[PDB]
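If you read the sequences in order, they're chains G and X.
Letter by letter, the first sequence follows residues 25 to 158, 166 to 261 in UniProt numbering.
Letter by letter, the second sequence follows residues 25 to 158, 166 to 261 in UniProt numbering.
Where is the CB? At the ideal position from N, CA and C, for every residue including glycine.
Notes for the one structure printed next.
There are 2 protein chains.
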Amino acid sequence: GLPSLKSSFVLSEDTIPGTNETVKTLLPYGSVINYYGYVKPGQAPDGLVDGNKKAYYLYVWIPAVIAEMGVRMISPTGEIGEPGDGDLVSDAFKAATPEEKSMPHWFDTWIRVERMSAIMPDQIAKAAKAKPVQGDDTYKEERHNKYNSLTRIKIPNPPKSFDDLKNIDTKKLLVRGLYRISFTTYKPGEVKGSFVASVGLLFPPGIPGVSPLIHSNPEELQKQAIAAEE
Amino acid sequence: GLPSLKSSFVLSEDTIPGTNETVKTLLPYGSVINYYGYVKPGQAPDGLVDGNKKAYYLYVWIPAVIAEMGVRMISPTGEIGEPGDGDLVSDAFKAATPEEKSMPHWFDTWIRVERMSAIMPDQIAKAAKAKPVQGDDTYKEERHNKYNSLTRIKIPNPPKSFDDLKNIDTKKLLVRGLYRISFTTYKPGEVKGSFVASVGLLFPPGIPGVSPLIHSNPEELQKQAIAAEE
């Protein structure tokens with residue numbers, strides 16, 4: 025499967041025996057969903073970036089406050105075998121051929137994460153048509176993501192130790208709500224073909240995870256989030 | 025730069041708080057070289073693999089006995105700017121345009137590692153012409176390498192604890208010498224354009240590394256190997 029999606033929190037530091045160097049163990053996100061998708065030929069971009077790049081949007085509903093979110097874009101995917109307990113696989117991906125899924129199209133992803141104006145699930149489709157809200168949980172951008180690197184949305188002044196998130200003033204945590212992930216790339220690449228976007232959520236110590244809901248279609252996301260909170 | 029190149033040895037095992045799951049942190053190779061290369065459009069394959077798959081060769085000089093060697097293939101690379109001392113950048117790579125270095129061409133690498141018949145650096149060029157010798168340090172194949180996974184050459188019965196490699200019988204270690212790495216891919220991908228092959232060496236506890244030397248041109252490798260031992 026995919027490599028482990030790591031948060032920014034250093035779970036442990038260990039010196040390499042004999043040397044002086046340490047290697048940091050990162051704490052993985054506790055709640056991770058991998059969205060396998062497929063951008064079809066002829067699919068109009070959702071918007072423009074940098075005056076000359078076609079951007080596509082993925083929507084994420086984060087159902088509760090979090091200490092951090094990480095987003096990773098990998099492409100292409102090839103065929104994937106049996107989806108795992110945290111894998112979403114879009115209809116467009118299922119309809120694509122193995123050859124189609126195995127053709128590469130881009131390698132460096134420019135990612136933006138913007139919070140949208142929905143407080144509850146039934147405002148999702150509407151909010152996705154409005155401007156983003158105008166901290167990382169309002170606006171975050173990483174113009175280069177290559178070799179499986181992540182874009183992370185973090186709290187303002189994260190402590191070194193994960194365990195120190197205990198008793199953190201909750202007003203510092205990132206808000207529940209709808210986040211739009213924009214992804215694009217640099218010529219001569221293009222956003223086309225298969226990809227997997229892994230979204231990981233980190234909750235403070237002692238707080239059980241809840242999974243993000245993810246979809247490229249805001250109406251479908253809205254349907255799912257409303258069902259999830261009946 | 026590139027992600028850390030990890031050996032198969034587990035350095036630390038840390039409990040994720042509140043679960044029965046463990047995140048294993050791997051020991052990085054102590055001596056790593058990153059070879060940045062570029063395969064030209066219409067470049068004749070160095071060889072054939074699996075009957076008719078176009079294969080390309082990289083030659084590696086491993087100057088002392090080792091516990092493990094790791095090979096990772098990443099492509100494309102994009103522009104890298106200023107190379108570090110762990111980086112080797114070929115003339116074909118240097119001559120390529122940034123656009124050229126940024127077009128992806130394949131994503132799943134079939135890797136073979138074969139030991140050649142050279143005992144000393146001045147035998148490398150001639151050995152590269154002769155047939156491979158006929166353990167992992169004689170022959171190793173991994174037909175699928177994606178999402179930056181590695182192909183590893185290991186001693187017959189590696190212990191779990193790196194520290195248990197202390198006092199290992201040197202006769203079990205992988206031998207100093209010349210190793211040929213063959214890489215190919217599957218349609219619809221093709222081997223073309225930029226790539227970085229990272230080769231990492233792991234030595235038993237208490238042994239300072241030597242760097243591996245790598246090149247696609249065996250005559251150039253020979254020159255560099257001779258110089259490095261004079």
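Quiz prompt | Cutoff 7 Å: X:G237 Cβ touching any chain G Cβ | solution = Yes, contact with chain G.
Quiz item: Candidates G:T215, G:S247, G:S36: which alpha carbon is nearest G:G75's?
Solution: Nearest C-alpha to G:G75: G:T215.
Practice problem: Answer yes or no: does any C-beta atom of chain X fall closer than 7 Å to that of G:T49? | Solution: Interface residue, yes.
Quiz item: Would DSSP call G:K77 helix, strand or coil?
Solution: Three-state result, G:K77: strand.
Quiz item: With C-beta atoms as the reference, is G:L252 less than 7 Å away from G:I135?
Solution: Not a contact, by the Cβ cut-off of 7 Å.
Exercise. Alpha carbon to alpha carbon, how far is G:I257 from X:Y210? Give it in angstroms, no decimals.
Key: In a straight line, the C-alpha of X:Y210 is about 59 Å away from that of G:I257.
Self-check item: chain G contacts made by the stretch 181-194 of chain X, where a contact means CB separation under 8 Å
Solution: For the stretch 181-194 of chain X, which is checked against every Cβ of chain G, the residues closer than 8 Å are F193, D194.
Quiz item: Helix, strand or coil for G:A228 per DSSP?
Solution: DSSP places G:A228 in strand when its eight states are reduced to three.
Practice problem: Determine whether the Cβ of G:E103 lies closer than 7 Å to any Cβ atom of chain X. | Solution: Among the residues facing chain X, G:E103 is not included, as its CB has no counterpart in that chain under 7 Å away.
Quiz prompt | Extent of the continuous beta strand (DSSP E) run through G:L252 | solution = For G:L252, no beta strand (DSSP E) run applies; the uninterrupted alpha helix (DSSP H) run containing it begins and ends at 249-259, by DSSP.
Quiz item: For G:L35 versus G:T49, is the C-beta spacing smaller than 7 Å?
Solution: Yes, the Cβ-Cβ distance between G:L35 and G:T49 is below 7 Å.
Quiz item: With respect to the alpha helix (DSSP H) encompassing G:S213, which residues constitute its N-terminal and C-terminal limits?
Solution: Premise fails: G:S213 lies in the beta strand (DSSP E), 208-215, not in any alpha helix (DSSP H).
Practice problem: List the endpoints of the continuous beta strand (DSSP E) containing G:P52. | Solution: G:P52 -> beta strand (DSSP E) spans 46-52.
Quiz prompt | chain X contact for G:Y178 (CB, 7 Å cutoff) | solution = For G:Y178, the answer is yes, since a Cβ of chain X falls inside 7 Å of its Cβ.
Quiz item: To the nearest angstrom, how far is it from the Cα of X:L232 to the Cα of X:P243?
Solution: For the pair X:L232 and X:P243, the Cα-to-Cα distance works out to about 7 Å.
Self-check item: Host alpha helix (DSSP H) of G:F117 (start-end)
Solution: Start and end: 115-119.
Quiz item: Using the C-alpha atoms, what's the distance from G:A79 back to G:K218?
Solution: Approximately 13 Å between the Cα atoms of the pair.
Quiz item: Tell me the DSSP bridge mates of G:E173?
Solution: DSSP output for G:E173 lists G:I135 as bridge partner(s).
Quiz item: Given X:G61, which residues of its chain have a CB within under 8 Å of its CB, disregarding the five upstream and five downstream residues?
Solution: Only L82, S114, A116, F117, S225, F226, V227, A228, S247 meet the Cβ criterion.
Quiz item: Are the Cβ atoms of G:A91 and G:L196 separated by less than 7 Å?
Solution: Against a cut-off of 7 Å, the Cβ pair of G:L196 and G:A91 comes out as a contact.
Self-check item: chain G residues whose Cβ lies nearer than 9 Å to that of X:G240
Solution: Under the 9 Å cutoff, chain G gives no residues; its nearest Cβ is about 10 Å from X:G240.
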